[PDB]
Amino acid sequence: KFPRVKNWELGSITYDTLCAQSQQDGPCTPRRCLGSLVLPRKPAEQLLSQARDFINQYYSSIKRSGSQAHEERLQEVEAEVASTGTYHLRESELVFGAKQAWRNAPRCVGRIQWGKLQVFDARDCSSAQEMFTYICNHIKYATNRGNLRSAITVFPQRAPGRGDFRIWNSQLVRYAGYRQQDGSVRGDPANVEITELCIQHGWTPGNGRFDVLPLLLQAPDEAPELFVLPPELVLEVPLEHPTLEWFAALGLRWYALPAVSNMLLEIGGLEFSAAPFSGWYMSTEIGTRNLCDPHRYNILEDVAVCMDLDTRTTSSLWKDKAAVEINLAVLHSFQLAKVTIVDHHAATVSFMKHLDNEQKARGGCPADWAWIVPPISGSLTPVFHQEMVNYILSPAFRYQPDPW
Amino acid sequence: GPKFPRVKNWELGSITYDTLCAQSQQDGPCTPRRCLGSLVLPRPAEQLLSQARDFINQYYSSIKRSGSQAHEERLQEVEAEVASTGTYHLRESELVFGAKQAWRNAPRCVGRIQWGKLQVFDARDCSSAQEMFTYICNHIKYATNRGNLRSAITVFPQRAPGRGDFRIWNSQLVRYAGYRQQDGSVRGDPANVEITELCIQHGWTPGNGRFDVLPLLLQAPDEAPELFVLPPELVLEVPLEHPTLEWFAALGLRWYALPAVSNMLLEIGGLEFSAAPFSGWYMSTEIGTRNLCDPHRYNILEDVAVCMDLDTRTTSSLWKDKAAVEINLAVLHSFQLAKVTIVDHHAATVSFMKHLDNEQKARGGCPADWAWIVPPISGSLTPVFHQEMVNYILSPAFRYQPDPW
Ligand code: HEM
Ligand code: HEM
Ligand SMILES: CNCc1cc(C#N)cc(OCc2ccc3c(C)cc(N)nc3c2)c1
Ligand SMILES: CNCc1cc(C#N)cc(OCc2ccc3c(C)cc(N)nc3c2)c1
Ligand SMILES: C[C@H](O)[C@H](O)[C@H]1CNc2nc(N)[nH]c(=O)c2N1
Ligand SMILES: C[C@H](O)[C@H](O)[C@H]1CNc2nc(N)[nH]c(=O)c2N1
Ligand SMILES: [Zn+2]
């Protein structure tokens with residue numbers, strides 16, 4: 001029945017009863033667990049039941065279940081689906097749903113912040129040009145001169161027999177990755193494909209390691225359009241180390257704003273194929289994954305050599321030492337520039353508080369241990385020793401196929 | 001595509017499919033509705049006979065005599081034996097194969113590249129706690145080999161119907177005492193408070209150091225457990241020092257050479273070996289990160305960080321990460337200097353990737369528990385972080401079992 005959940009550092013035990021509210025299967029079966037897999041392998045009645053469940057969630061949230069307005073709204077949704085095969089959300093429902101989808105995201109360690117989310121309604125958008133304007137305003141609001149504010153902008157929902165609104169870029173701000181003839185890559189290797197799409201769609205490329213990409217924005221059944229972001233809108237933090245002077249000379253930097261733009265937002269059965277959302281960075285995303293992954297900037301060996309570490313053997317722990325200093329430079333640099341950032345210790349400590357809040361509030365919290373535990377110093381954080389239960393609740397953020 | 005889990009390595013972009021999972025005869029804790037993969041400890045002659053037949057089939061495949069007259073005769077012999085006694089018995093070569101297969105099958109072990117090289121000591125003739133002690137001492141001496149460690153397992157008699165189990169009460173053959181103090185704190189290893197108190201209840205004169213080696217509490221069938229002190233010359237330890245931080249040696253830290261787990265159950269063909277201690281050599285993060293830095297273990301992080309003169313009043317100094325790295329380095333350097341076998345988390349995980357490739361060819365997959373395989377510091381700096389894994393139960397298996405008391 002209900003899973004018993006133990007924290008092995010504290011010996012404390014909870015029971016997840018929230019998982020009973022899941023209506024979608026994940027990838028595991030009794031025969032085998034597939035929890036470490038990154039991506040999933042792959043009528044009106046279904047829509048209506050999801051819509052009803054969501055409207056119920058909404059009215060429960062404002063403490064008006066069974067009220068006159070609740071009953072009426074359910075009738076509206078019914079009548080609209082029955083006549084048109086679909087329906088539309090009111091702005092307040094949309095705001096509630098967006099917050100819930102963040103709240104429900106099992107891979108997000110940042111969910112203590114979930115109720116604080118600025119929601120821009122961009123559902124009255126009819127062109128790529130219009131999308132660009134909203135995106136620019138989103139970035140301006142969210143960046144806020146370094147005092148970062150979580151935000152989401154929601155473009156029109158998918159409709160049957162019509163192409164989707166899509167942002168082709170995986171994030172609103174990304175660095176170009178240029179493939180050199182000698183097989184190597186200049187810039188960010190994770191972005192080679194989008195970089196090439198941009199050029200093919202008319203972009204005049206740079207040739208640096210940190211060239212901010214233009215956006216490819218797509219209105220339904222139209223070819224994507226290219227828009228260069230005004231450089232003053234894109235706040236960036238040059239990286240230096242608090243004690244190691246040669247570090248600044250590495251010419252490293254990162255953008256302030258993590259804004260994911262290729263995920264699908266699902267609310268009450270309705271799907272929003274373009275709904276980019278941003279918060280602020282946890283230092284390890286930059287210092288560990290983006291800069292140290294072998295298939296990203298891969299700077300570990302460079303930094304270790306500048307530290308005069310013995311790269312001959314793994315047993316010198318040169319990689320571990322370099323990684324720590326790189327993460328330190330990220331924290332120092334962001335703090336020096338007055339740009340919001342949170343280290344992995346403070347973040348995971350906030351997440352434990354969040355688990356506790358959610359236990360009292362809903363009787364559980366879906367969480368993906370492999371993603372919640374940071375990529376360095378895992379067991380040095382409280383989340384490592386916390387058992388977690390992973391399941392899919394809706395409203396939800398989902399992966400969706402690439403539009404090309 | 002193929003009707004089997006598809007497994008991707010995100011560093012290299014390479015793809016495999018796990019077909020081995022189809023062989024799993026036992027359910028784990030997950031369902032389509034919720035994944036419970038992070039949970040540490042998740043919850044009949046014909047049942048015996050089917051497990052027995054499956055194992056005998058595995059054995060004869062492994063020697064390429066599947067379908068042979070000897071295969072069919074051994075099957076007949078196991079059925080006869082279960083029919084007239086309710087149980088059966090493994091031949092020596094079957095026991096050796098089963099023990100190795102149990103190790104090969106262990107999803108949480110990063111050290112499985114070595115699975116073929118395991119010295120199996122058959123102790124199924126043991127009939128007293130005294131004799132268990134002799135077997136255990138011999139195991140330790142062989143496995144320790146003055147620092148050139150050798151993987152080994154010693155197998156004591158199986159569970160028998162209407163007869164008490166052989167049990168080793170201790171969780172490992174070598175463990176440090178944990179003494180609860182009057183102020184509520186613990187001196188030594190807090191993990192070992194209960195066993196320490198049990199040893200005292202059974203007549204042990206306790207010490208009062210941070211690193212007192214515990215005596216062994218050994219139990220022969222239907223007998224009270226008896227106490228046995230390990231002769232200190234048999235327990236190899238390594239004092240911890242740091243290659244450049246000269247003060248680290250003054251901390252007086254140390255650890256033992258031999259990780260020898262003694263409270264797990266070896267299951268083979270439905271037979272249950274309740275006492276079957278097994279040993280290898282350490283991966284350095286087990287000592288340097290978990291045993292020494294866990295808040296509920298020795299918890300030395302702040303002490304080290306203070307000696308290093310770090311700012312422990314704020315998380316953003318990364319004092320915890322810095323201290324933890326130097327502690328791990330001290331473990332590695334000290335074991336290396338002492339010429340005692342040890343492997344760092346980088347070399348270990350790299351060897352595990354080799355093991356995955358070996359097993360992909362040999363068996364079409366490898367059961368692996370991602371959360372346990374990925375080391376507790378520097379996770380994404382190791383290749384296994386970026387490797388998707390499929391987790392399932394295969395038998396022969398090592399299993400958790402309830403404590404005898
Ligand atoms: C406010 C500060 C925030 C912090 C510190 C934070 C932290 C993180 C981190 C560290 C990850 C793992 C990322 C990775 O390894 O690639 C993550 C994932 C995620 N975050 Fe948050 N986040 C924040 C805000 C938000 C907001 C505002 C939303 C949505 C409204 C959100 C939704 C998500 C989702 C859906 C994922 C999983 C993405 C995936 O499955 O690939 N986060 N977050
Ligand atoms: C030869 C060197 C070996 C290395 C470097 C090694 C490494 C490891 C590590 C790091 C763990 C995780 C332990 C923890 O976090 O508590 C582990 C677990 C495990 N090892 Fe290995 N190991 C070795 C040999 C062996 C041998 C010889 C056996 C059995 C014959 C074995 C069976 C197991 C089992 C069953 C577990 C998981 C136990 C559980 O589920 O709690 N290992 N090993
Ligand atoms: C699984 N492949 C990688 C990946 C794919 C997709 C997709 N499609 C989305 C991904 O989101 C990572 C993410 C998303 C939002 C974040 C926010 C708001 C803040 C923050 N600090 N970090 C964040 C990280 C990651
Ligand atoms: C105590 N933490 C949970 C725990 C419980 C039980 C039980 N019941 C067993 C456990 O085995 C960890 C283990 C086992 C064998 C190892 C070998 C041979 C070598 C090595 N380097 N490390 C090893 C670690 C761990
Ligand atoms: C194979 C594994 O699931 C994959 O590398 C995951 C592991 N954990 C992660 N955790 C976070 N936060 N982000 C990631 O991209 C990943 N990648
Ligand atoms: C909650 C979580 O499952 C638990 O802390 C696990 C995580 N991964 C681990 N991995 C290893 N190797 N050993 C452990 O004890 C643990 N503990
Ligand atoms: Zn699972």
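We name chains A, B, ... by the order of the sequence lines, and we start the count at 1 in each one. Worth knowing before you read on, the calculation uses all heavy atoms, side chains too, and leaves out hydrogens, waters and symmetry mates.
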B:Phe121 and B:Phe278: ring pair (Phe, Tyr, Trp, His ring centres under 6.0 Å), yes or no, with the steps?
CA-CA 10 Å; B:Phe121 296 109; B:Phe278 50 93; over 10 Å; no
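- Shown here are the salt bridge (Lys or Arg N to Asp or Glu O under 4.0 Å) partners of B:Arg108, two or more places apart in sequence or in another chain: B:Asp369.
- In plain terms, the two heavy atoms of B:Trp103 and B:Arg112 that are nearest each other are O-CD, 3.3 Å.
- Taking the centre and axis of the six-membered ring of B:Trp115, the NZ or CZ atom of B:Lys117 falls outside the cone set by 45° and 6.0 Å.
- Summarising the geometry, atom NZ belonging to A:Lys319 is positioned 10.0 Å from atom OG belonging to B:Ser380; distances are rounded to the nearest 0.5 Å.
- A side-chain donor from one of B:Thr315 and A:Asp343 sits under 3.5 Å from a side-chain acceptor of the other.
- Annotation: cation-pi geometry satisfied between B:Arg150 and B:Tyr142 (NZ/CZ under 6.0 angstrom from ring centroid, within 45° of ring axis).
- For B:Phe335 and B:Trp281, the distance between ring centers is not under 6.0 angstrom.
- Side chain of B:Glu359 to main chain of B:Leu356: no donor-acceptor pair is present (N/O by atom type, distance under 3.5 Å, no hydrogens or angles).
- Note: B:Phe156 and B:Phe166 have parallel aromatic rings, judged against thresholds of 30 and 60 degrees for the angle between ring planes.
- Between the side chain of B:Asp212 and the main chain of B:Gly209, a donor-acceptor pair closer than 3.5 Å is present.
- The backbone N or O of B:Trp319 lies less than 3.5 Å from a partner atom in the side chain of B:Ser317, making a donor-acceptor pair.
- Atom CG of B:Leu230 sits about 6.0 Å away from atom SG of B:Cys137, to the nearest 0.5 Å.
- With sequence neighbours left out, the side chain to side chain contact (heavy atoms under 4.5 Å, CB included) criterion links B:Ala260 to B:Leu173, B:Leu258, B:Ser279.
- Within a 6.0 Å sphere centred on CD of A:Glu301, other residues, nucleotides and ligands contribute 12 heavy atoms or fewer.
- Taking every heavy atom of both residues into account, B:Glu197 and B:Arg180 meet most closely at OE2-CB, 4.2 Å.
- No donor-acceptor pair closer than 3.5 Å links the side chain of A:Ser333 to the backbone N or O of A:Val330.
- In the displayed structure, B:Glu246 atom CD is contacted under 6.0 Å by at most 12 heavy atoms of other residues, nucleotides or ligands.
- Rounding to the nearest 0.5 Å gives a distance of 12.0 Å between CD1 of B:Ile327 and CG of A:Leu317.
- Taking every heavy atom of both residues into account, B:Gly178 and B:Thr196 meet most closely at N-OG1, 2.9 Å.
- Scanning both residues, B:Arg297 and B:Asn291, for their nearest heavy atoms gives NH1-OD1, 3.0 Å.
- Ion pairing of A:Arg312 with A:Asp310 is present here, as a side-chain N (NZ or NE/NH1/NH2) and a carboxylate O approach within less than 4.0 Å.
- Residues B:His202 and B:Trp169 place their aromatic rings such that the two centres sit under 6.0 Å apart.
- Taking the side chain to side chain contact (heavy atoms under 4.5 Å, CB included) definition, one finds that A:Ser36 meets it with B:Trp370, B:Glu388, B:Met389, sequence neighbours left out.
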